[PDB]
Every structure is written in C-alpha cells, then in structure tokens.
Amino acid sequence: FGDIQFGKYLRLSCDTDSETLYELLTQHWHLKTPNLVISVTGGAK
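Definitions and cut-offs
Residues numbered from 1 in each chain as written, not as in the entry; some residues may be left out. Part of a larger assembly, values for the part shown. Heavy atoms only, no water. Patch = residues over 30% accessible without salt bridge, like charges linked within 9 Å, V, L, I, M, F, W, Y side chains within 5 Å. Areas by Shrake-Rupley, 256 points an atom, 1.4 Å probe, with all protein chains shown as cover. Salt bridge = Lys/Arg side-chain N within 4 Å of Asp/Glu carboxyl O. Helix = DSSP H or I, 4+ residues; strand = E, 2+ residues; numbered from the N terminus. Buried < 20%, exposed > 50% of the residue type's maximum accessible area, 1.4 Å probe, protein only. 1 Å grid on protein atoms, 1.4 Å probe; cavity = no way out; pocket = protein on both sides within 12 Å on 5 of 7 lines; lining within 4 Å. Points joined across faces, edges and corners; volume = space filled by probe spheres on them. Nonpolar A, V, L, I, M, F, W, Y, C, P; charged D, E, K, R; others polar.

Determination of this PDB entry was carried out by cryo-EM to a resolution of 2.98 Å, according to the record.

Structure below.
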C-alpha cells in the first residue's frame with residue numbers, strides 16, 4: 001500500500017479475484033465507467 005511521488009500503487013497477488021478489486025477501486029477510489037479502453041504494448045523498449 002502507498003502512493004508514489006517524484007499516484008497510487010499496489011503490489012498485488014495474481015491469486016486475487018476481480019470482483020472485490022472492483023469494489024475496492026469503485027467504493028474507496030473514484031467512480032464507474034461508461035467505456036473502457038485497452039492498449040497493449042510494453043515489450044517496445
């Protein structure tokens with residue numbers, strides 16, 4: 001847990017589910033979505 005400075009980050013297991021993550025990020029953090037965009041890169045050093 002904690003914020004980043006030079007921005008909230010989290011070290012998260014792959015064992016966790018997706019529904020209580022959604023409850024965490026909508027109920028504690030900001031609001032919902034009418035849309036959601038996915039962009040896939042990362043190997044491009």
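Asker: Tell me what's going on with a nonpolar patch on the surface, and back it up with residues and numbers.
Answerer: A surface patch of nonpolar side chains, about 680 Å² in accessible area, is lined by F1, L10, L12, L21, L24, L25 and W29. Mapped onto the secondary structure, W29 falls in the segment after α1 (19–28). For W29, a relative accessible area of 34% puts it in the partly exposed group.

Asker: Tell me about the layout of surface pockets, residues and numbers included.
Answerer: Its volume calculated, the largest pocket comes out at about 180 Å³. Lining the largest pocket are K8, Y9, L10, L12, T16, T20, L21, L24, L25 and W29. Of all elements in the fold, only β2 (8–9) and α1 reach the threshold of two or more residues within the lining of the largest pocket. Here the lining of the largest pocket gets four residues from one element, more than from any other, and that element is α1. The residue makeup of the lining of the largest pocket, split by class, is seven nonpolar, two polar and one charged.

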